[PDB]
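Asker: Chains as they are written, first to last, in the numbering used here: chain D, 1 to 1544; chain C, 10001 to 10281; chain S, 20001 to 20097. Beta carbons: idealized from backbone N, C-alpha and C, even for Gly.
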Amino acid sequence: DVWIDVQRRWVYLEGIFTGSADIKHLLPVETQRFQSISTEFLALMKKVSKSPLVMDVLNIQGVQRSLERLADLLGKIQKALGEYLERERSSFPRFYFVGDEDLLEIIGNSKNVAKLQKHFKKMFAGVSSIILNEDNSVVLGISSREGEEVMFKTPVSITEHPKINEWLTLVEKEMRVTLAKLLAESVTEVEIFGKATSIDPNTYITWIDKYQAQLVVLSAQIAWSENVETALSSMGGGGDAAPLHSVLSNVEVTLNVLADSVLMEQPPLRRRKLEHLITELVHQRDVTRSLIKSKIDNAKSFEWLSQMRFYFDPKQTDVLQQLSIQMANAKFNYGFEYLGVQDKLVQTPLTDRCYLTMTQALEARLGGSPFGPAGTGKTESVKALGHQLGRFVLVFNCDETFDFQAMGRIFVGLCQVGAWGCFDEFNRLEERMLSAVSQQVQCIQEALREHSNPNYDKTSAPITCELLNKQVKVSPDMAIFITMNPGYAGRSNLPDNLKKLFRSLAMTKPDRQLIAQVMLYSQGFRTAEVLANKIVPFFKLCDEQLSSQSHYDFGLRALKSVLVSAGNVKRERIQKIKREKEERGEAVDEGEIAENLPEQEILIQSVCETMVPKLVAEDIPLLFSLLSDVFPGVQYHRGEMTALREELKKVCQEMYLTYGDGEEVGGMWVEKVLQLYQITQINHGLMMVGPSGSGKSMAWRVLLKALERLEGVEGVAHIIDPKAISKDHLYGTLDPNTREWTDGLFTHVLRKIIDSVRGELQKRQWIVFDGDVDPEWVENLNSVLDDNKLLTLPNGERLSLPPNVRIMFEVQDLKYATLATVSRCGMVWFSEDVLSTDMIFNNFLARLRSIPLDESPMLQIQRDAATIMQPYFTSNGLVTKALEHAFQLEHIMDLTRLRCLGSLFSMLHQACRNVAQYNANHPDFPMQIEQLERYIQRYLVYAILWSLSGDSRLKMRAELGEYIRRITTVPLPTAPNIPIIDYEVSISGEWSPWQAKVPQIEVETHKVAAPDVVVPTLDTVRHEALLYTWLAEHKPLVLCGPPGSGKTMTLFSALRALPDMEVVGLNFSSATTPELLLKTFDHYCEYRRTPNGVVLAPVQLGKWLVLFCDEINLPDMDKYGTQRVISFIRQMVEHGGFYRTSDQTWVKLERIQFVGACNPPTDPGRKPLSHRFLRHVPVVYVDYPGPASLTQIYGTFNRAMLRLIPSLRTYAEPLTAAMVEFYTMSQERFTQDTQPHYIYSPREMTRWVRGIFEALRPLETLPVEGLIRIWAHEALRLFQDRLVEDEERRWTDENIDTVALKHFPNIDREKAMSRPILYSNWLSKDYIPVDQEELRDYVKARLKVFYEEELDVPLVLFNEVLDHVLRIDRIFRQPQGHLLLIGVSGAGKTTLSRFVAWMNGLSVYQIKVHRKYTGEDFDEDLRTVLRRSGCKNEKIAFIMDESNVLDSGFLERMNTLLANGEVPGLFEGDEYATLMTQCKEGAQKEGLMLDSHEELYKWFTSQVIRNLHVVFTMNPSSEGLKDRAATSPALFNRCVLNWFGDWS
Amino acid sequence: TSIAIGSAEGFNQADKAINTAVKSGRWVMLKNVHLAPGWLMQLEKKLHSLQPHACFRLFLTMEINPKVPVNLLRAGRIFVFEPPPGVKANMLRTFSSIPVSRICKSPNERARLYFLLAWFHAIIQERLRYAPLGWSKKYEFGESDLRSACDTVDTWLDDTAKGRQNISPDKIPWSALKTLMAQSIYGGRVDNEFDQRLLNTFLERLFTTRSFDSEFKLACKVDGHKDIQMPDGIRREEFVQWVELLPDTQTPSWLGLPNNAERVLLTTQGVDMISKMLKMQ
Amino acid sequence: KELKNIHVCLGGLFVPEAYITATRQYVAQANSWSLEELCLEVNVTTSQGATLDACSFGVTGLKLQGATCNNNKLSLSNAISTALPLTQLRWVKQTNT
Ligand SMILES: Nc1ncnc2c1ncn2[C@@H]1O[C@H](COP(=O)(O)OP(=O)(O)OP(=O)(O)O)[C@@H](O)[C@H]1O
Ligand SMILES: Nc1ncnc2c1ncn2[C@@H]1O[C@H](COP(=O)(O)OP(=O)(O)O)[C@@H](O)[C@H]1O
Ligand SMILES: Nc1ncnc2c1ncn2[C@@H]1O[C@H](COP(=O)(O)OP(=O)(O)O)[C@@H](O)[C@H]1O
Ligand SMILES: Nc1ncnc2c1ncn2[C@@H]1O[C@H](COP(=O)(O)OP(=O)(O)O)[C@@H](O)[C@H]1O
Ligand SMILES: [Mg+2]
Ligand SMILES: [Mg+2]
């Protein structure tokens, strides 16, 4: 327990000390200590490696003492390194925004400054890189992402300050002082531009170009504030001529100059500066107009103090404190943080109210809480206010993983740096986390309040707060802001104490008209006022008139996207007119171009490009009428993107897809593809919404390929099923102990793209989320899908979204996504009408004609078959009308078009393979065109029938057959009454009845009612053929039907005809999760790293692994209607693989197929399957055998049974009838409506026949009365033991007598129906009937012996005790015989079970559960019992009580053990090797020589099945039994249920 | 020592603080203990077998939810904190919470400003009972808003009055106070145009120079033809004494609402009372 | 054309704001006006004694809370609610006055 820790510590410390070759210069003494440690480590490696034996090294003295000394040394040096990192973070606090490994990277790479250039983006607001000279010895300045640079007035020399922290601090200080000096110069110039009647455009543009985008806006604000203050000071006399009009006119003329400037072409940086200046001066004009209208003549009037005012004092020695920003009574000093070129918001009334409220909160030294619906400007307004004060604002997208420690360290970083923390979705945290974080917030605010006191002096002790058990310095510039959408799903409730720490503000209705007007005016739109007054009411009326859809969003983000697109479209149209003028003539006048420009047409084009793609069919005319009314007389026609259209054509031809233009076949699909392309061009977050199989996947794949072939940029798509894995595996985990971050799947992909080791940034990267969307996981992408384009992790790491990456979602609905997600994504709606059925038929036929089925005569056969079946796959054809009619029938599951179509296509592929097999079998006489035509037509009819009605009852199948017969022209069977579903198609091309494949067999006497014995019946031969057809193609299939209908029996019978397939049983339950599938893969398959990637394939080469799921619809749906295991299977089927979360690696499945079984979804505890899952799995409905089929199946078993006694051979026909009638009656009498366990199926009848056969095996002869007695006894043990009420059991007795007398008239009633019907093999060797009194005496004697040898609790014998012990003895004498005794506590269930187990030689095992009992203890006990009963051949009665269960994992493991006899993941690791060793020893003891682990594990499973008997005892709860029926299905279909109840 | 419940470190801190205080005699407060219903049981068992210092006190602040253990409720004395029953009770609580030295300061008008603040707070908090009509939704107009308004009044009065004993009512920054209360303090919670209009209603009606006249009416036609009269006093004790002599006949007309607004509610509660008197029979 | 002269109950419609938008659109299209420059005027009259012009739409079931309407003028009342017999919504050009 010491060697591994020391080894790991030495490895990572050696990595740290070796990667950082310069770390020794700052850490000398510990460098020498680590050199000594490394010498010691080399000594150990030279000593222990010589002798590779544990015994050879544990005999050497001085090893453990030296190891303990080394452990202490490693701990001490690690603590010293941690303290050093803390101390170096104390200086230059920006290092609190980088990780420890990153901090060490900067520490050791101080000599080379090239590696440090990637860390400034996370330590500074807008500093992306630092400018250095050719020597890389002095820091000349800083640069931003946009390329704007600030040249330091005095460059920082790294040579004079070699230490990293010192010159970094000098760089930051020089940044601030240089920004202050440049601001002073810009203010000096803009003052000259101020107080002027006219402004020269050239000088104004020169000044704009000279200074940074931040500084020009700041200087304009300062100059305007000074002008207004001077005017108010002059007017303070009262009743005087106003020079405030002069200030207003100065604003107006400057706005005119700026508006003229933006009309003409400008450099992008200058254009952004002009836009910011236009916005700011529009706000200034509005404020000045408000002041003039209000007749404000005093500078102390609140109409002027309520505004943001800027005061510049050149007389201040400190240039940092030279600028003051004041709002109401709140004063701030400009932080002078370089912000680069941010996007300025429009200062609307709401923004002003937000500024006032947040500044009031800041003056009170408490946080701000803007709340409201999504897209109201809550986060952006906070960022805009932070940038207005020159503050460094960091946005943290918060979720429930932001625990106390993560929030504490974020607060520590904010305190040290002095930055603003905008915590978006703060309510996504847990309520207990909110309460815990409230204490830290209160401590920080108290420290700030103490700082604000005038009694404090900066020369005294600095203000510190207790954060994470540490004293942390709190800067006065810190602020905490939380933006939350109250009411949204996935949000928690804030505690009152936390709420009192923030000033709340309702941001619900943004001033949309003002934003539209200002944005359009800044882009150069003439008549922006009318455009805004038309486009904002248009959005309001679109929200009102249009239908309510979950993917509809007509808020600010929609208008914002529309306005940005309108500006881009205007620029593109101007460029197009420019090139047209260049190619035709030489006269270009940009003013003329702006004058005659159809701005309304541009707005219509923007609206159509952004709003139209998300509209449903019924809402398109409404929106177009709204456009025609709001913008009358103007029309827009979408441009024909031809250059992309030929590429789409080529890709569709290469991908066997149908292409169309406009109103042709597939035209709507191409329109949707073009809309998706436009949304990609305009949005970095996209979503493709529509019902399953609407062509979304093909749309985006074809778009990616066409873009690759058109632009030349290679497109890489990463497809992730977000709900197929846990959110921890999707985003990442933070270790609560070691604070170590493990990346998730999306995080790993994004980080790999950002690093771009293999040129990822040069490729078009599309991260598609193909799965369900709920607020639990998708809200973590909010900051990703916002203007922030940033992924924030709880460990403080922030990853910026590269411009070449698009985040896409492919979903079937958005009924669980909140508006927060809907508003942050461009929606493309794919209706089912987009993908027509003709398109699917064309794709299928093209694939059939092009792709061979074997891997060419096979291709020729496929082409001939496609030519033959072409006439039936047309619009208004046979298949289309059949599908339309089948959609009107009743099916056991929801019917989707692609499920039936894929079933039909697979059956047609099987037909082609049948023709190929016929040709191979007859080399001399290959199948001719006429025989092929007849066979293909008849098989097409047959496959249509079995694919469009295979999941329906008999009457639906007959109805579909009759409809097909009415509409088809294919020759059909001519029977007047036999339905078409009763025929098959022979390879000769003729209809043949299925009854010819159903021969009356004679089962062997010793094989009566055996588990693998099937009596051939019409449904058996039909379902067997259908399952063989579906399995031969490896197409996943689902069998639906009532429990015990024969789904497993049919599937095993069909698989017996496929020797190359090995079946593995998985039993799903309510708490089944994909880890069960992963354990099955680990046990039965292996991963290998082929050159194409990781491939998971079965260990047995040449065999296909069929994973058979027993109850596929049992797994619980979350509160958002998603089953994780179902999504996992859908991913493995549709994508042919999954993701290994150990290293986030795509694993491709090979030679693995899935088969599911389930009860109808209407049954209790069963959920309907997802439509995206049912699309790929054909569903076959296996119903209960009818009276004729049951009579045939059990009649055969009875004849085989009664062949034992010739004198009874004539009673097979009546007995079977007595079997059939009573079973029917009970099935009608007792239903699941009364009690959950009242389920009767052919399984009871098999048990009936099997029990009577066991009773009849030893007897040499027996009269009819004894046979009837055995029949009645087995009926009692089958149909009466589970009954709850007394009247039900009385009904069972009376009708057993009635049925027996009806079917056996001439019998002795008393001799066969003596009411105490008791059978036992205790008194005699055979299972003959026993008398009650002799049985009581024998039980009394055995109980005396039991008291002497075992538990000595005296018992009182009554009749019920004798009946119960007889039943338990019956169950313990059967293979895999498990019990479920349901009754009141203290009724003797455990005592009777132990007594009967002792009589039968079973060893009683009970788990000793205590308070500290966990799942691991249960797993260990399970391993013990399995080893004892499977390796030692010891019969064990495992007695378990319902109170012994502490978790659902108990029920999962018990369910798997009851159903299969083994737990796939129970023995893993050294335990599996020990189990294999003991199993080999046990097999050698038995006399079987087994070599491989697979067959040995099979022998172990057989031993466990034969030996272990599980007795489950539980109290009779009404809802408890219903819950157990779903949590553990095997407790009700693998266990014999005995209702002891209370004592009568 | 105040500790917020919810984290493991929180539980460790709570245990350490209680163990220290039961011997030293200090006080321990634990906040939001309803978020850890399980831990409250072990806390109750720990408290039961304990003989702490004479001056030791343990306060557990919680929300009224059924997850709190019954045994813990029986083990301690319960105090329910809720909106005051009426305008008079609300104003009395407001005047008791604010220190006397705060109201009695350099300007004599500060007392009347605080009285107006208390009346305003009482009216808006009492209109919350008639949720559909008094407002549009259950806004959380609470004690923090009152503190913020008091701080704003203090700051702006001190700014306007540079320590002068008396200032004219027209010189009081009425516009600043009205705007800050309608946009930042009380208007921050308001997310409706009509609720904002009603808040502006109350602020313009109450906060003005006319509030310093002897004929000022706080409310009109409360019952019949009489109306609530603005007290003529200039000291805090006189305002409190006026609040004490309120008629104890409060009607929704005191709030500006119609008198029948309570008619349904006062009916239901009455019936509810009967039900409770029948449940305990 | 008959659908214009019917009186609907706004509370009995699944989406009454869609009805308001539809009436606004009908008035805008009939007079060839722009959709965004239309404002709404309300005239309360008796259901039987009323006339609807090209811009007036009839609405029933509106209840005035705490006030009574006489001659299209509102007065405070002590009644909980007063049933407005018929309401004429008439779309007109915005005057900005
Ligand atoms: N342009 C096309 N021409 C012909 N067939 C097409 C075309 N586009 C798609 N298909 C076919 O129609 C079906 C559409 O499946 P696709 O995965 O594209 O739909 P989807 O809506 O993304 O499905 P899901 O919602 O299940 O993920 C497939 O059989 C596909 O091969
Ligand atoms: N006053 C404004 N001027 C310009 N753009 C604005 C304004 N208010 C909001 N926006 C834009 O609208 C969107 C609002 O985003 P965000 O502030 O995150 O919304 P919220 O916080 O309400 O969810 C962004 O695109 C933002 O730039
Ligand atoms: N033709 C048949 N031959 C033999 N047994 C049959 C036949 N039809 C139905 N059964 C009986 O029906 C039951 C089906 O059990 P099982 O395969 O587990 O059903 P399911 O998969 O529907 O749960 C068994 O008892 C089986 O013997
Ligand atoms: N038939 C009986 N006569 C007398 N005592 C009995 C009888 N059955 C159970 N007990 C007593 O009940 C206790 C055992 O109950 P147990 O079998 O564990 O109950 P459960 O039915 O809940 O499993 C012992 O005290 C035992 O002597
Ligand atoms: Mg936000
Ligand atoms: Mg798809």
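Could you tell me which residues DSSP pairs with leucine 1066(D) in its beta bridges?
Answerer: BP columns for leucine 1066(D) point to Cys1109(D).
Asker: Given 7 Å as the limit, tell me if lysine 378(D) has its C-beta closer than that to any heavy atom belonging to ligand 2.
Answerer: Yes; taking the cut-off as 7 Å, the Cβ of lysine 378(D) has a heavy atom of ligand 2 nearer than that.
Asker: Kindly list the residues whose CB is nearer than 6 Å to the CB of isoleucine 10185(C), restricted to its own chain and excluding five residues on each side of it in sequence; keep chain order.
Answerer: Cβ within range, chain order: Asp10145, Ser10148, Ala10149.
Asker: Rounding to the nearest angstrom, what Cα-Cα distance links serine 1069(D) and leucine 945(D) in this structure?
Answerer: The straight-line gap from Cα to Cα measures roughly 33 Å.
Asker: Can you list the alpha helix (DSSP H) stretches of 4 or more residues lying completely in the region 605 to 678 of chain D, in chain order?
Answerer: Entirely contained in the region 605 to 678 of chain D, the alpha helix (DSSP H) runs reaching 4 residues are, in chain order, 620 to 630, 642 to 654.
Asker: Mapping DSSP to helix, strand and coil, what is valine 1330(D)?
Answerer: In this structure, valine 1330(D) counts as coil in the three-state DSSP scheme.
Asker: Relative to chain C, which residues along the region 20038 to 20072 of chain S have a C-beta separation below 9 Å, given in chain order?
Answerer: Listed by position along the chain: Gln20065, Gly20066.
Asker: Find the residues of chain C that neighbour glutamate 431(D), judging by a C-beta separation of less than 9 Å, and give them in chain order.
Answerer: The contacting residues are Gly10006, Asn10032, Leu10035.
Asker: Between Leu710(D), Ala1218(D), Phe841(D), which has its C-alpha nearest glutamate 1274(D)'s C-alpha?
Answerer: Nearest of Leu710(D), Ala1218(D), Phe841(D) to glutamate 1274(D), Cα basis: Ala1218(D).
Asker: Using a Cβ cut-off of 8 Å (strictly closer), state whether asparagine 298(D) contacts chain C.
Answerer: Chain C contact via Cβ: absent.
Asker: Is the CB-CB distance between residue 1564(D) and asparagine 919(D) below 8 Å?
Answerer: Residue 1564(D) is absent from the model: chain D starts at 1 and stops at 1544.
Asker: Which value, in whole angstroms, describes the spacing of the CA atoms of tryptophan 10242(C) and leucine 10117(C)?
Answerer: Distance between the alpha carbons of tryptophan 10242(C) and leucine 10117(C): 15 Å.
Asker: Excluding the five sequence neighbours on either side, which residues of its own chain have a C-beta within less than 6 Å of the C-beta of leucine 10113(C), listed in chain order?
Answerer: For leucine 10113(C), where only same-chain residues beyond five positions count, the Cβ hits under 6 Å are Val10153.
Asker: Is the Cβ of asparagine 10192(C) closer than 8 Å to any Cβ of chain S?
Answerer: So, not an interface residue.
Asker: Please classify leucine 394(D): does DSSP put it in a helix, a strand, or coil?
Answerer: Strand.
Asker: Examine ligand 2 and report whether any of its heavy atoms sits within less than 7 Å of the Cβ of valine 346(D).
Answerer: Checking every heavy atom of ligand 2 against the Cβ of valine 346(D), one is found closer than 7 Å.
Asker: Would you kindly work out how many angstroms separate the C-alpha atoms of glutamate 226(D) and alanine 220(D), rounded to a whole number?
Answerer: C-alpha separation (whole angstroms): 10 Å.
Asker: With respect to 7 Å, is the separation between the Cβ of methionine 484(D) and the closest non-hydrogen atom of ligand 3 below this value?
Answerer: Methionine 484(D): no, Cβ never under 7 Å from ligand 3.
Asker: Report yes or no: is there a C-beta of chain D within less than 8 Å of the C-beta of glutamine 20094(S)?
Answerer: No, because no Cβ of chain D sits closer than 8 Å to the Cβ of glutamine 20094(S).
Asker: So what does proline 993(D) bridge to, in DSSP terms?
Answerer: Answer is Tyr983(D).
Asker: Indicate the three-state DSSP secondary structure (helix, strand or coil) for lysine 10067(C) in the structure shown.
Answerer: If DSSP states are grouped into helix, strand and coil, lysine 10067(C) belongs with coil.
Asker: Would you decide whether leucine 10245(C) is buried or exposed? Buried here means 16 or more other CB atoms lie within 10 Å of its CB.
Answerer: Burial call: exposed.
Asker: Indicate, with yes or no, if ligand 6 has a heavy atom lying under 7 Å from the CB of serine 697(D).
Answerer: Yes, since a heavy atom of ligand 6 falls inside the 7 Å radius drawn around the Cβ of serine 697(D).
Asker: Taking 8 Å as the threshold (C-beta atoms), are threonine 1145(D) and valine 1099(D) in contact?
Answerer: No.
Asker: Would you mind working out which of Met1201(D), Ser1207(D), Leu1190(D) sits nearest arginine 1243(D), comparing C-alpha positions?
Answerer: It is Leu1190(D).
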